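Here is the structure we will look at, set down as structure tokens.
To find a chain, count down the sequence lines: A is the first, B the second, and so on, and within it residues start at 1. We use all heavy atoms of the structure for the numbers below, so side chains are in, but hydrogens, waters and symmetry mates are not.
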Amino acid sequence: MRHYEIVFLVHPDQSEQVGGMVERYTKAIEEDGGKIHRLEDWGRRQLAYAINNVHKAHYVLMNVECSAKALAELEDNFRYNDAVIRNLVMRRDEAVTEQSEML
Amino acid sequence: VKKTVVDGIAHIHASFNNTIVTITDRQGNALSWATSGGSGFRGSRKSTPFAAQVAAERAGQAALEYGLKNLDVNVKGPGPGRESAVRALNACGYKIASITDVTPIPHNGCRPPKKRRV
Amino acid sequence: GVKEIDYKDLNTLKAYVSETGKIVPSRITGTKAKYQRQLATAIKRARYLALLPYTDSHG
Amino acid sequence: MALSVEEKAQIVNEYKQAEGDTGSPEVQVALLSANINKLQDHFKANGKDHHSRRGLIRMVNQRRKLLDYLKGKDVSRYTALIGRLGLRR
Amino acid sequence: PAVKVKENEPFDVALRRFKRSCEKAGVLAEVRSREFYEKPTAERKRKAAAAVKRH
RNA sequence: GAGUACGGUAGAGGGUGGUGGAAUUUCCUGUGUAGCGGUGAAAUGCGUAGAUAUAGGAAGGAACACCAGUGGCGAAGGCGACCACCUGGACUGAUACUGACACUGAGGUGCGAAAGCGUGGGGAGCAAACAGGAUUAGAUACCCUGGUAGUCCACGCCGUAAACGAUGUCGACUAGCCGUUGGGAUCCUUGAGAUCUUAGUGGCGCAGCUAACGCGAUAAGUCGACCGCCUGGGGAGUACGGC
């Protein structure tokens, strides 16, 4: 029941299944009362530095409203998936729906 | 032999006690090198900017045999000769595309040694 | 100019990033103490996601 | 302040002496007791949280002081409070 | 700490811009401070004097 | 006075787990050739078995550059990378509620830097001891080259510091001026400053105090409650006994 903002980087070779992964996560998050209040896709951005060896990656922005179990389950998916790298989960006191990066 | 390298990179490892100039390619393969201590300057004269340019000039002409005319300067470390060695690269035939300081800066990492109680 | 400082908003972030990639002090920019504290946490947080370099000599 | 607003709103009305009453010692003692017992779970898992234990001790001392004042005022009201809350161990 | 030499200028003024970039970044001061380990008492004592001089 | 209920604000407050970048070291590989390193100068040391330098890769540990600020939080000791979880307090606005429920505190109990001790891990840098090189009349040092405990982690112990603001806690009063942090109110609704107010944090300064230095709303001024402590220096915070 806490608003979480998640930004994760997907490997450039796995850029075309970021839709397949996000559709899995959104389904897997709302099965216990979750809702997605925000979801963008910043696309293949040139990295300021190489994470491991890639200088470009698929950023995905997603703001959710979940519980402890759902957030731990989702964070588990990020950890045991080499496709995604350099993820960050934020806690928000309020839900937002603007873009602020696309423009 | 002649590698026939046109683009190079020059590294100046200037320190408080010695200055090591090393000319390398774009992939970090060294061709020539000279040091202030290797140019007849020992002791108080090894840590002087004049010894630095002598080292840079000595390695500079040793590097033209590869047919090198373009290089980027990568000066690293403090000391008397960080700039005096670069000015030596201009006296001999060369054009410097860029000058960059690559001195390593810890982000408060390993503990440095203690103050000298001289 | 009612703008909220955030890590995605890179355009104003670069205004408070020095040429070498450091964070400019509040004295140079004349920023309020509250804004700079929230400004710094955005630069570091965006630094994590490879949006900004930690230093200019990255590589 | 580990108690949520729902839990605080829950226990205030069961121990209020009248409508709108949130300052009576019964509400205070019940408010502290629920927070004291809730924090016991945290200090079991976090045994090195000495700084949060200073606050817990203050809540224990505060509850003792309130009960001693309720002792002087009305001993019958004091007796019902600890019996309902299970204090005086 | 990084300058690019442009077309049709002397290399001398390319040097002066280079160190001007260096002191702007202050790399020489940073390496001087990390030469030896300054104890927390000596570091806090130095910063206290820095605040006094500023005021 | 003290406290509770509500919204909000800031924070290196604390605990538990992950994650990142810079750098050091070690190892592997390529280039490449006489030095590197160090100092006042040297030498010990490293290097022709290919060092240093340079480039690519790997492992590992520790601390978190810039932000950074007589800035912030904490009872004090202390706390600086980011994120998630658990959690304490403070500040702030009005209304609502209890109605002296308060202060201090011998014993007692809890926390308490660093060093140190025990068990188990870990170990990159630094470095008591130790070894060698210098300097010196000598040098069990200062300087240099190495380097063990330790520094790191968990669980226990210790219980001491110039643990200092060398200033016990709490409450009230007594000109002002110049900064700064978190709020609030009113003019400015200003776009953007100004005036009050509050909790901190600094610099001058009237009065007052002080042996003087200086303190001066964060008092060492005018008071009040309580507590701790002192009675010339050395012997000595030592001996003896107790814990």
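- In this structure, the nucleotide among F:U98, F:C126, F:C86 sitting nearest to the side chain of A:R2 is F:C86.
- Atoms CG and CZ, from C:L13 and C:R45 in turn, are 11.5 Å apart once rounded to the nearest 0.5 Å.
- Across F:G216 and F:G205, the matching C1' atoms stand 8 Å from one another, rounded to whole Å.
- Of the P atoms belonging to F:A53 and F:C66, the separation is 27 Å, rounded to the nearest Å.
- Because its NZ or CZ atom is not both nearer than 6.0 Å to the ring centre of B:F50 and within 45° of the ring axis, B:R45 does not count as a cation-pi partner of that residue.
- Adjacent nucleotides F:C142 and F:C143 miss the stacking criterion of ring centres closer than 5.5 angstrom and planes inclined by less than 30 degrees.
- Taken together, F:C130 and F:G146 qualify as a Watson-Crick or G-U wobble pair under the 3.5 Å criterion applied to both distances.
- Atom name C1', nucleotides F:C111 and F:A75: the rounded distance is 9 Å, in whole Å.
- For the pair F:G99 and F:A100, the rule of 5.5 Å between ring centres and 30° between base planes classifies them as not stacked.
- Side-chain polar atoms of C:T20 and C:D56 form a donor-acceptor pair below 3.5 angstrom.
- F:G7 and F:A68 have their P atoms separated by 33 Å, with the value rounded to a whole Å.
- Checking F:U222 for Watson-Crick or G-U wobble geometry (two distances, each under 3.5 Å) identifies F:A172 as its partner.
- Taking 3.5 Å as the upper bound for both contacts, F:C204 pairs with F:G176 in Watson-Crick or G-U wobble fashion.
- Taking atom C1' on both nucleotides, F:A34 is separated from F:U48 by 8 Å, rounded to a whole Å.
- Nucleotides F:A5 and F:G89, compared at atom P, are 10 Å apart to the nearest Å.
- In this structure, B:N17 reaches the bases: a heavy-atom distance under 4.0 Å links it to at least one base atom across the strands shown.
- Taken together, F:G78 and F:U25 do not qualify as a Watson-Crick or G-U wobble pair under the 3.5 Å criterion applied to both distances.
- The bases of F:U140 and F:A53 do not line up as a Watson-Crick or G-U pair with both contact lengths under 3.5 Å.
- Checking F:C86, F:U54, F:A53 against every side-chain atom of B:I20, the shortest atom distance belongs to F:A53.
- Only the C1' atoms considered, F:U181 is 14 Å distant from F:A90, to the nearest whole Å.
- Comparing F:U54, F:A22, F:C143 by their nearest atom to the side chain of B:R116 picks out F:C143.
- Among the heavy atoms of the strands lying under 4.0 Å from D:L39 are primed sugar atoms or P, OP1, OP2 only; no base atom is included.
- A sub-4.0 Å separation between OP1 or OP2 of F:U87 and a side-chain N or O of D:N46 is absent.
- When Watson-Crick and G-U wobble pairs are counted only if both distances are under 3.5 Å, F:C97 pairs with F:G3.
- Residue D:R58 is in sugar-phosphate contact alone, with no base atom involved, counting any heavy-atom pair closer than 4.0 Å across all strands shown.
- Stacking here means ring centres nearer than 5.5 Å and ring planes tilted less than 30 degrees, and by that measure B:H107 stacks onto F:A65.
- Applying the 3.5 Å cutoff to both bonds, F:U151 and F:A90 do not register as a Watson-Crick or G-U wobble pair.
- Base pair annotation for F:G182 with F:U33: unpaired, by the Watson-Crick or G-U wobble rule (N1-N3 plus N6-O4 or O6-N4, or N1-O2 plus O6-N3, under 3.5 Å).
- Closest approach of D:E26 to D:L70, counting heavy atoms only: OE2-CD2, 3.9 Å.
- D:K8 comes within 4.0 angstrom of sugar-phosphate atoms only, judged by non-hydrogen atoms across all strands, and of no base.
- Taking the six-membered ring where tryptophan is involved, the planes of A:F8 and A:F78 are tilted, since the angle between them lies from 30° to 60°.
- Of the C1' atoms belonging to F:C152 and F:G32, the separation is 40 Å, rounded to the nearest Å.
- With its glycosidic angle more than 90° from 0, F:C82 adopts the anti conformation.
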